[PDB]
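Peer 1: So here's model.tsv (TSV, C-alpha atoms).
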chain	number	residue	atom	x	y	z
D	1	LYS	CA	15.22	24.92	-2.67
D	2	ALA	CA	12.06	23.70	-0.96
D	3	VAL	CA	10.35	20.78	0.77
D	4	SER	CA	7.72	18.37	-0.52
D	5	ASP	CA	6.34	16.90	2.69
D	6	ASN	CA	2.92	15.27	2.58
D	7	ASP	CA	3.03	13.05	5.67
D	8	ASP	CA	2.43	10.05	3.36
D	9	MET	CA	0.59	7.93	5.94
D	10	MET	CA	-2.89	9.37	6.44
D	11	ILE	CA	-4.51	7.37	9.25
D	12	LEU	CA	-8.12	7.51	10.39
D	13	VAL	CA	-8.65	7.57	14.14
D	14	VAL	CA	-12.24	6.99	15.16
D	15	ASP	CA	-13.46	6.52	18.70
D	16	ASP	CA	-16.77	6.43	20.54
D	17	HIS	CA	-15.04	7.57	23.72
D	18	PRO	CA	-13.68	11.15	24.02
D	19	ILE	CA	-10.91	10.09	26.41
D	20	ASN	CA	-9.93	7.16	24.20
D	21	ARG	CA	-10.15	9.32	21.07
D	22	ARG	CA	-7.79	11.86	22.63
D	23	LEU	CA	-5.20	9.26	23.56
D	24	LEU	CA	-5.52	7.34	20.31
D	25	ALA	CA	-4.94	10.52	18.29
D	26	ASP	CA	-2.15	11.50	20.70
D	27	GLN	CA	-0.41	8.19	20.09
D	28	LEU	CA	-0.83	8.62	16.33
D	29	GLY	CA	0.65	12.10	16.52
D	30	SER	CA	3.80	10.84	18.20
D	31	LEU	CA	3.94	8.08	15.59
D	32	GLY	CA	4.20	10.86	13.04
D	33	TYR	CA	1.13	9.98	11.00
D	34	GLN	CA	-1.77	12.15	9.86
D	35	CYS	CA	-4.52	11.86	12.44
D	36	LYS	CA	-8.04	12.17	11.06
D	37	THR	CA	-10.37	12.27	14.06
D	38	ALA	CA	-13.92	10.92	13.93
D	39	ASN	CA	-16.73	9.87	16.30
D	40	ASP	CA	-18.86	7.00	14.94
D	41	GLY	CA	-18.70	3.87	12.86
D	42	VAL	CA	-20.54	5.58	10.04
D	43	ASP	CA	-18.33	8.65	10.53
D	44	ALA	CA	-15.33	6.50	9.60
D	45	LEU	CA	-16.62	5.74	6.10
D	46	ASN	CA	-18.11	9.24	5.86
D	47	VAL	CA	-14.67	10.73	6.41
D	48	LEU	CA	-13.31	8.15	3.95
D	49	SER	CA	-15.76	9.41	1.35
D	50	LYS	CA	-14.73	13.03	1.96
D	51	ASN	CA	-10.98	12.44	2.03
D	52	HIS	CA	-8.56	9.62	1.24
D	53	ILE	CA	-7.23	7.48	4.07
D	54	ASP	CA	-4.77	4.57	4.28
D	55	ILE	CA	-5.57	2.81	7.55
D	56	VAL	CA	-9.00	2.76	9.18
D	57	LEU	CA	-9.12	2.44	12.97
D	58	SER	CA	-12.66	2.71	14.33
D	59	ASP	CA	-12.97	1.96	18.04
D	60	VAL	CA	-16.48	1.15	19.24
D	61	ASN	CA	-17.21	0.16	22.84
D	62	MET	CA	-20.96	0.73	22.62
D	63	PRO	CA	-22.80	-2.46	21.52
D	64	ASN	CA	-26.04	-0.51	21.20
D	65	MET	CA	-26.02	0.28	17.48
D	66	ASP	CA	-22.76	-0.19	15.61
D	67	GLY	CA	-19.42	-1.95	15.86
D	68	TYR	CA	-20.96	-3.99	13.13
D	69	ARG	CA	-23.08	-2.24	10.54
D	70	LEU	CA	-20.45	0.41	9.82
D	71	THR	CA	-18.40	-2.30	8.30
D	72	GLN	CA	-21.39	-3.24	6.18
D	73	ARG	CA	-21.54	0.35	4.94
D	74	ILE	CA	-17.81	0.27	4.23
D	75	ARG	CA	-18.15	-2.87	2.08
D	76	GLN	CA	-21.12	-1.17	0.43
D	77	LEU	CA	-18.92	1.81	-0.44
D	78	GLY	CA	-16.26	-0.59	-1.65
D	79	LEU	CA	-13.29	-1.06	0.64
D	80	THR	CA	-9.95	-1.01	-1.11
D	81	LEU	CA	-8.16	-0.58	2.19
D	82	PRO	CA	-7.95	-2.42	5.55
D	83	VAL	CA	-10.67	-1.68	8.07
D	84	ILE	CA	-9.37	-2.37	11.55
D	85	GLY	CA	-12.30	-2.59	13.91
D	86	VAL	CA	-11.22	-1.72	17.41
D	87	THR	CA	-13.88	-3.12	19.70
D	88	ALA	CA	-14.78	-3.61	23.36
D	89	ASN	CA	-17.37	-6.15	24.52
D	90	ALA	CA	-19.82	-5.92	21.63
D	91	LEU	CA	-21.13	-9.41	22.49
D	92	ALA	CA	-19.44	-10.97	19.46
D	93	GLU	CA	-17.41	-8.30	17.69
D	94	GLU	CA	-15.77	-10.75	15.29
D	95	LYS	CA	-19.23	-12.03	14.39
D	96	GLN	CA	-20.37	-8.49	13.54
D	97	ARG	CA	-17.36	-8.09	11.28
D	98	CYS	CA	-18.26	-11.34	9.53
D	99	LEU	CA	-21.94	-10.42	9.17
D	100	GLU	CA	-21.44	-6.93	7.74
D	101	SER	CA	-18.33	-8.22	5.89
D	102	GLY	CA	-16.49	-4.92	5.51
D	103	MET	CA	-13.67	-4.86	8.05
D	104	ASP	CA	-10.28	-6.63	8.00
D	105	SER	CA	-9.21	-7.12	11.60
D	106	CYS	CA	-10.49	-6.65	15.15
D	107	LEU	CA	-8.67	-5.03	18.10
D	108	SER	CA	-9.35	-4.05	21.70
D	109	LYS	CA	-10.14	-0.58	23.09
D	110	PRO	CA	-6.80	-0.17	25.04
D	111	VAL	CA	-4.60	0.43	21.97
D	112	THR	CA	-1.36	1.55	23.61
D	113	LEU	CA	1.61	3.27	21.91
D	114	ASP	CA	3.54	0.03	21.48
D	115	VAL	CA	0.53	-1.91	20.24
D	116	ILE	CA	-0.26	0.92	17.84
D	117	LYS	CA	3.35	0.96	16.63
D	118	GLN	CA	3.54	-2.70	15.60
D	119	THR	CA	0.08	-2.60	14.03
D	120	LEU	CA	0.86	0.60	12.12
D	121	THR	CA	4.23	-0.74	11.00
D	122	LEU	CA	2.80	-4.10	9.92
D	123	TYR	CA	-0.11	-2.49	8.11
D	124	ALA	CA	2.10	0.18	6.53
D	125	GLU	CA	3.97	-2.58	4.76
D	126	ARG	CA	0.67	-4.26	3.90
D	127	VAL	CA	-0.89	-1.18	2.29
D	128	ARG	CA	2.38	-0.65	0.46
D	129	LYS	CA	1.77	-4.06	-1.13
D	130	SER	CA	-1.97	-3.49	-1.59
D	131	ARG	CA	-1.51	-0.10	-3.29
D	132	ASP	CA	1.63	-0.84	-5.29
D	133	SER	CA	0.94	-3.18	-8.21
Show me the file's structure as structure tokens.
Peer 2:
Amino acid sequence: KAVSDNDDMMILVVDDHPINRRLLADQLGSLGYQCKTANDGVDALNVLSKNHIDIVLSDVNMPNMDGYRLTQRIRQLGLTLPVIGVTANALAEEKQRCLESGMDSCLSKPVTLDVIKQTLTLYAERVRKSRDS
């Protein structure tokens, strides 16, 4: 005689752009997943340290500081989950991921609903395998 909803899929939405953050969280909301909003590369792992998250999506378009090191800090914390680094023109975003060695994948700033859907679906199955057994 009750409900035991928990959302199940707690996703981390980080963006360095307010307009992109809005739309990224909006898309996640219509997906039906918990949207944890953040604003920085370091904020991603900070939020991860405060609360548990399944999928990390940190979008950085500013190649002035991060889009790089934050993934170092994540590997320093000890990533047991996929860090998807959404990036836009950070010179060599993939190279930053390799250097700091704490990501998982790299995407582009314009993450649309459809793009988000296939990525979330694919990664939902992946984390199901990474967490179970």
Peer 1: Do a neighbour search on residue 77 (chain D) at 10 Å with only C-alpha atoms, toss out local chain neighbours closer than 6 positions, and write the hits as a PDB file with C-alpha atoms, in the coordinates of the input.
Peer 2:
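Result file part-v3.pdb:
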ATOM      1  CA  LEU D  45     -16.620   5.740   6.100  1.00  0.00           C
ATOM      2  CA  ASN D  46     -18.110   9.240   5.860  1.00  0.00           C
ATOM      3  CA  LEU D  48     -13.310   8.150   3.950  1.00  0.00           C
ATOM      4  CA  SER D  49     -15.760   9.410   1.350  1.00  0.00           C
ATOM      5  CA  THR D  71     -18.400  -2.300   8.300  1.00  0.00           C
ATOM      6  CA  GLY D 102     -16.490  -4.920   5.510  1.00  0.00           C
TER       7      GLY D 102
END
Peer 1: List as a ChimeraX atom specification the protein and nucleic acid residues near residue 131 (chain D), meaning an atom at most 10 Å away when all atoms listed in the file are counted, but skip any in the same chain fewer than 2 places from it.
Peer 2: /D:54,80-81,126-129,133
Peer 1: Write the selection just made, keeping C-alpha atoms, as a CSV table (one decimal), keeping the file's coordinate frame?
Peer 2:
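And here's part.csv as it stands now:
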chain,number,residue,atom,x,y,z
D,54,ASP,CA,-4.8,4.6,4.3
D,80,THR,CA,-10.0,-1.0,-1.1
D,81,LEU,CA,-8.2,-0.6,2.2
D,126,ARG,CA,0.7,-4.3,3.9
D,127,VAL,CA,-0.9,-1.2,2.3
D,128,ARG,CA,2.4,-0.6,0.5
D,129,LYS,CA,1.8,-4.1,-1.1
D,133,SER,CA,0.9,-3.2,-8.2
Peer 1: Residues around (-4.6, 2.4, 9.6), cut-off 7 Å, counting all atoms listed in the file - what are they as number ranges by chain?
Peer 2: D: 11-12, 54-57, 120, 123
Peer 1: Give me the residues near region 27-35 of chain D as a ChimeraX atom specification, where near means some atom within 7 Å (using all atoms listed in the file) and where sequence neighbours in that chain fewer than 2 positions away do not count.
Peer 2: /D:7,9-13,23-25,37,113
Peer 1: Determine the nearest neighbour of residue 61 (chain D) from the options D:94, D:15, D:100, D:43, counting all atoms listed in the file.
Peer 2: D:15
Peer 1: Restricting the calculation to all atoms listed in the file: of D:72, D:4, D:132, D:39, which residue gets closest to residue 21 (chain D)?
Peer 2: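 So, comparing all the options, the nearest one is D:39.
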Peer 1: How many Å lie between CA of residue 16 (chain D) and CA of residue 115 (chain D), rounded to one decimal?
Peer 2: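 Going from CA of residue 16 (chain D) over to CA of residue 115 (chain D), I get 19.2 Å.
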Peer 1: Considering all atoms listed in the file, return as a count of residues only whatever protein or nucleic-acid residues lie within 10 Å of region 108-110 of chain D, sequence-local ones (same chain, fewer than 6 positions apart) excluded.
Peer 2: 17
Peer 1: Just how far from CA of residue 83 (chain D) is CA of residue 41 (chain D), in Å to one decimal?
Peer 2: 10.9 Å
Peer 1: May I ask for the distance between CA of residue 18 (chain D) and CA of residue 65 (chain D), given in Å to one decimal place?
Peer 2: 17.7 Å
Peer 1: Check the smallest atom-to-atom distance from each of D:99, D:44, D:26, D:1 to residue 14 (chain D) using all atoms listed in the file, then report the winner.
Peer 2: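 Smallest separation from residue 14 (chain D) among the options: D:44.
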Peer 1: Out of D:62, D:106, D:42, D:6, which residue has the shortest atom-to-atom distance to residue 119 (chain D) when counting all atoms listed in the file?
Peer 2: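 Of all the options, D:106 lies closest to residue 119 (chain D).
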Peer 1: Please, what is the axis-aligned box for every listed atom of region 66-79 of chain D with 5 Å on each side, as centre and edge lengths in Å to one decimal, as lines of an AutoDock Vina configuration file?
Peer 2:
center_x = -18.2
center_y = -1.1
center_z = 7.1
size_x = 19.8
size_y = 15.8
size_z = 27.5
Peer 1: Return the single residue from D:68, D:114, D:130, D:36 that is closest to residue 95 (chain D), with distances computed using all atoms listed in the file.
Peer 2: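 Smallest distance to residue 95 (chain D) is found for D:68.
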Peer 1: Of the candidates D:91, D:103, D:2, D:53, which one gets nearest to residue 76 (chain D) if we count all atoms listed in the file?
Peer 2: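 Going through D:91, D:103, D:2, D:53 one by one, the smallest distance to residue 76 (chain D) is for D:103.
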Peer 1: Show me that you can extract region 33-54 of chain D, keeping N, CA, C and O atoms, and write it as an mmCIF file, in the first residue's frame.
Peer 2:
data_model
loop_
_atom_site.group_PDB
_atom_site.id
_atom_site.type_symbol
_atom_site.label_atom_id
_atom_site.label_comp_id
_atom_site.auth_asym_id
_atom_site.auth_seq_id
_atom_site.Cartn_x
_atom_site.Cartn_y
_atom_site.Cartn_z
ATOM 1 N N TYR D 33 15.479 10.964 -15.695
ATOM 2 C CA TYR D 33 16.602 10.643 -14.825
ATOM 3 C C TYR D 33 16.873 11.787 -13.859
ATOM 4 O O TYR D 33 16.577 12.948 -14.162
ATOM 5 N N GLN D 34 17.412 11.454 -12.692
ATOM 6 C CA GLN D 34 17.782 12.460 -11.707
ATOM 7 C C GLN D 34 18.840 13.393 -12.276
ATOM 8 O O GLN D 34 19.888 12.947 -12.732
ATOM 9 N N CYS D 35 18.557 14.682 -12.250
ATOM 10 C CA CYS D 35 19.467 15.666 -12.807
ATOM 11 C C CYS D 35 20.195 16.422 -11.701
ATOM 12 O O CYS D 35 19.606 17.251 -11.005
ATOM 13 N N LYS D 36 21.472 16.114 -11.519
ATOM 14 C CA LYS D 36 22.300 16.834 -10.564
ATOM 15 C C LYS D 36 23.096 17.908 -11.293
ATOM 16 O O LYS D 36 24.003 17.600 -12.053
ATOM 17 N N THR D 37 22.759 19.164 -11.060
ATOM 18 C CA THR D 37 23.335 20.261 -11.826
ATOM 19 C C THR D 37 24.612 20.793 -11.180
ATOM 20 O O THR D 37 24.681 20.969 -9.959
ATOM 21 N N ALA D 38 25.624 21.034 -12.004
ATOM 22 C CA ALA D 38 26.896 21.563 -11.525
ATOM 23 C C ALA D 38 27.472 22.569 -12.518
ATOM 24 O O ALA D 38 26.988 22.676 -13.651
ATOM 25 N N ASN D 39 28.504 23.299 -12.100
ATOM 26 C CA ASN D 39 29.126 24.305 -12.959
ATOM 27 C C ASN D 39 30.630 24.361 -12.728
ATOM 28 O O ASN D 39 31.133 25.304 -12.111
ATOM 29 N N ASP D 40 31.322 23.324 -13.210
ATOM 30 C CA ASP D 40 32.791 23.271 -13.263
ATOM 31 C C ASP D 40 33.248 21.836 -13.413
ATOM 32 O O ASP D 40 32.507 20.906 -13.094
ATOM 33 N N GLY D 41 34.474 21.656 -13.871
ATOM 34 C CA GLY D 41 35.029 20.325 -13.959
ATOM 35 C C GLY D 41 35.267 19.748 -12.581
ATOM 36 O O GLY D 41 34.949 18.589 -12.312
ATOM 37 N N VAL D 42 35.810 20.574 -11.699
ATOM 38 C CA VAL D 42 36.059 20.175 -10.322
ATOM 39 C C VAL D 42 34.746 19.989 -9.566
ATOM 40 O O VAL D 42 34.655 19.169 -8.652
ATOM 41 N N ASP D 43 33.732 20.754 -9.954
ATOM 42 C CA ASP D 43 32.414 20.660 -9.328
ATOM 43 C C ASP D 43 31.800 19.288 -9.561
ATOM 44 O O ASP D 43 31.065 18.781 -8.721
ATOM 45 N N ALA D 44 32.111 18.692 -10.708
ATOM 46 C CA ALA D 44 31.622 17.359 -11.039
ATOM 47 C C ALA D 44 32.048 16.337 -9.986
ATOM 48 O O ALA D 44 31.214 15.631 -9.418
ATOM 49 N N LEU D 45 33.345 16.278 -9.712
ATOM 50 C CA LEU D 45 33.874 15.323 -8.746
ATOM 51 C C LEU D 45 33.535 15.745 -7.321
ATOM 52 O O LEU D 45 33.413 14.904 -6.433
ATOM 53 N N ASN D 46 33.375 17.045 -7.111
ATOM 54 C CA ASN D 46 32.974 17.572 -5.808
ATOM 55 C C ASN D 46 31.585 17.055 -5.457
ATOM 56 O O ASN D 46 31.351 16.532 -4.365
ATOM 57 N N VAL D 47 30.680 17.174 -6.415
ATOM 58 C CA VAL D 47 29.319 16.692 -6.272
ATOM 59 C C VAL D 47 29.309 15.167 -6.117
ATOM 60 O O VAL D 47 28.502 14.610 -5.372
ATOM 61 N N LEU D 48 30.235 14.508 -6.808
ATOM 62 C CA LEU D 48 30.389 13.058 -6.721
ATOM 63 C C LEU D 48 30.846 12.634 -5.325
ATOM 64 O O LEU D 48 30.522 11.544 -4.856
ATOM 65 N N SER D 49 31.620 13.491 -4.677
ATOM 66 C CA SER D 49 32.111 13.205 -3.338
ATOM 67 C C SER D 49 31.020 13.452 -2.296
ATOM 68 O O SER D 49 31.012 12.834 -1.232
ATOM 69 N N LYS D 50 30.093 14.348 -2.613
ATOM 70 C CA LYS D 50 29.009 14.684 -1.695
ATOM 71 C C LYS D 50 27.855 13.694 -1.818
ATOM 72 O O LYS D 50 27.224 13.332 -0.824
ATOM 73 N N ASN D 51 27.590 13.252 -3.035
ATOM 74 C CA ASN D 51 26.472 12.359 -3.299
ATOM 75 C C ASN D 51 26.849 11.348 -4.377
ATOM 76 O O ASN D 51 27.763 11.592 -5.163
ATOM 77 N N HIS D 52 26.163 10.215 -4.408
ATOM 78 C CA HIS D 52 26.488 9.172 -5.370
ATOM 79 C C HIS D 52 25.851 9.453 -6.728
ATOM 80 O O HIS D 52 24.701 9.879 -6.811
ATOM 81 N N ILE D 53 26.607 9.230 -7.787
ATOM 82 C CA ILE D 53 26.101 9.417 -9.134
ATOM 83 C C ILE D 53 26.486 8.230 -10.018
ATOM 84 O O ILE D 53 27.471 7.537 -9.748
ATOM 85 N N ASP D 54 25.692 7.988 -11.054
ATOM 86 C CA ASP D 54 25.920 6.865 -11.957
ATOM 87 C C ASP D 54 26.720 7.302 -13.181
ATOM 88 O O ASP D 54 27.793 6.768 -13.459
#
